[PDB]
Protein chains: 2
Amino acid sequence: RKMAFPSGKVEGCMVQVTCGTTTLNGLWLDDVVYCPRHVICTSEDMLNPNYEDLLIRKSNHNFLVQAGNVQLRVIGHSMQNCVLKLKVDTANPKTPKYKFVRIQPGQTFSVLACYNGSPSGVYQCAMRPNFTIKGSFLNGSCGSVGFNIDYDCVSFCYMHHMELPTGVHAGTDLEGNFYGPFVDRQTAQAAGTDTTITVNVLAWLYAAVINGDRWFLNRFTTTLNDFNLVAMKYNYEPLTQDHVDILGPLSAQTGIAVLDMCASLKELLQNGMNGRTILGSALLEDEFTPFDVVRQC
Amino acid sequence: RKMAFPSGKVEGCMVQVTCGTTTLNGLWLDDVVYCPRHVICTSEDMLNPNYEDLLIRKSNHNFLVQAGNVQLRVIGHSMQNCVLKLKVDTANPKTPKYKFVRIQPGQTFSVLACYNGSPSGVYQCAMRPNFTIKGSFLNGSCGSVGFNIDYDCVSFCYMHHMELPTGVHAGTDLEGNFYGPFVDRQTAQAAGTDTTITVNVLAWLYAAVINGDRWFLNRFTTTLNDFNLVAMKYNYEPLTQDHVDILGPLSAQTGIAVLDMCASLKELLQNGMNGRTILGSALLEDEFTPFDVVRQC
Ligand SMILES: *[C@@H](O)[C@H](C[C@@H]1CCNC1=O)NC(=O)[C@H](CC(C)C)NC(=O)OCc1ccc(F)cc1
Ligand SMILES: *[C@@H](O)[C@H](C[C@@H]1CCNC1=O)NC(=O)[C@H](CC(C)C)NC(=O)OCc1ccc(F)cc1
């Protein structure tokens, strides 16, 4: 079962930010509200916004920040890459211990999808190798954030900005830098060709075994390089030695050498599933990291 | 995707309840804490407990209830079916608006997996027609709850008690009444063979049509009885009147009557997919209710 972090610590930071007729979500940490800068845009701006030029023309009072049944007065604004930082005259008492991090492709995080500053749902995602993410984001979800929770500390890693024509999504870290070659203008943008996160597919196979499902296994083996040759043929990420090291615990917990599971996965890529399923799924799932699998088993 | 409700309102209600060394989770709403009654069981008592005799031997001061490290003094106790209701001397200030609801098989709900009273994860579950759930629960998870949020109000519908031989899970509503034919004894128990959740498969087909995928729509229709008798032959559930009703909005949204979609589904069962996909899948998904379909559209 694909599992997200309890979202309560993030829910208490979500506020509604409005500029003109655009409304989206902001993240209220301490006395700063973070949100996507394209909130300041209009139609005649969306296509080629000179954001520095549009921002200087804005006043503290053009920003209506509403937290619940209360407006927060903006007493300053600044821009950092594609995120807009609005200073407010109040501090969020519910601010949790947090940090801002930029995650790598193949890493996973939970997403608190929000509309008009109100949480609506949470789910688990991975940073695809092509720096998109496959989310469930509708109009008004912008400003929703992705995060991980280690101990009592919230590592924010993503803020939502756009949906690509293919239906995947693009966004920035909380420093405002996009993941991938995307731009916050209203233009149709294609991504690089995506690939499957092999070390996550292997972690997930190990999980199906831990849960008493071993039909995909086989008595064969493979070298790492020979496996990566096949893996890349099928547009699967290469497996590094660190990837093998990271899989050690699952290899141990199950007595299935990593390279043996690579042989299994190799057979699956060349043969298919031929009706059969793993952990309910007819597709090879690649949004469970080894760490995700371990914590849950 | 499976998308959970935001969990913060339920996180604010989780505590831990300890008898001797037996610790599970409980649910703190106003001045009452709800938990599974087998907290009063020693490991050996669980093989075939006498709950009434085990309860008579108990007093308020045998019950350690902690929010975090903070003790809530128990001032009274009673047993309602398979759950324990502990009166505590502090009303929970984080109490949401809430109700206790008993869901039907097929309905979905989010589960907040907790251990020692601390949330670890939130995920979406479906109550199978055999009254199990395919959850992700470990030792110490008992007392974790399942809920839906309707506007401001948290509807609590599940409390976790046990894992069955087959690896699925079982539990009660918040009045302590088990879902399905199970009991809180550490004895061998078996869930009836599972079936496919027809209403949810139908919701899924509606979802495929809303997205333009509609090849499978046919020109025929059927009666509810005819469809029910046929669907059982493929180990699909029969439709109830309530199932027809909650498909109403999707029927209205698409203009496709429920019994027309039943005929289209009947055709898929009898003739198969012919290798075709629906929403990018040859398998028919049955863990998305008509509500979830809307929430994501
Ligand atoms: C939040 O404001 C919103 C979220 C989008 C809307 C629907 N689903 C989402 O994930 N973001 C946008 O509307 C975004 C803003 C621009 C200025 C960065 N544009 C967008 O999502 O559509 C991109 C697009 C542009 C042109 C085109 F032809 C096709 C798609
Ligand atoms: C909560 O106390 C616990 C949850 C179980 C433990 C493993 N996974 C779960 O979901 N419940 C019980 O231990 C329960 C108590 C009796 C009174 C009903 N017994 C139980 O679930 O037995 C089956 C079991 C299977 C595997 C396992 F590792 C432990 C127990």
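Easy rule for this one: first residue shown is 1, then count along the chain.
Technique stated in the header: X-ray crystallography, 2.2 Å.
Positions of Cβ are set from backbone N, Cα and C atoms, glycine also.
Taken from Swiss-Prot, the feature ubiquitin cross-link applies to B:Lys2, B:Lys87. Among the features that Swiss-Prot reports, active site, for 3CL-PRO activity is placed at B:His38, with the record citing sequence analysis. Among the features that Swiss-Prot reports, active site, nucleophile is placed at B:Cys142, with the record citing experimental evidence.
Taking the features listed in Swiss-Prot, we show where each one sits on the structure.
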residue	record	CB count, 10 Å
B:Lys2	ubiquitin cross-link	21
B:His38	active site, for 3CL-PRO activity	24
B:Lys87	ubiquitin cross-link	15
B:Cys142	active site, nucleophile	26
Response to the item:
What remains of the recorded positions B:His38, B:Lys87, B:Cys142 after requiring a CB under 6 angstroms from ligand 2 is B:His38, B:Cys142
Worksheet, complete the sentence: What DSSP gives for B:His38 (active site, for 3CL-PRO activity), in three states, is helix
Response to the item:
Cα nearest the residue listed as 'active site, nucleophile' among recorded positions (B:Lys2, B:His38, B:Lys87) -> B:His38
Worksheet item: Which of the three DSSP-derived classes (helix, strand, coil) applies to B:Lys87 (ubiquitin cross-link)?
Response: strand
Worksheet item: Quick one: of B:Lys2, B:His38, B:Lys87, B:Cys142, which recorded positions have a CB closer than 8 A to some CB in chain A?
Response: B:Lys2
Worksheet item: Between B:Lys87 (ubiquitin cross-link) and the residue listed as 'active site, for 3CL-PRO activity', what is the CA-CA distance rounded to a whole number of Å?
Response: 17
Worksheet item: C-alpha of B:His38 (active site, for 3CL-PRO activity) to C-alpha of B:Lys2 (ubiquitin cross-link): distance in Å?
Response: 31
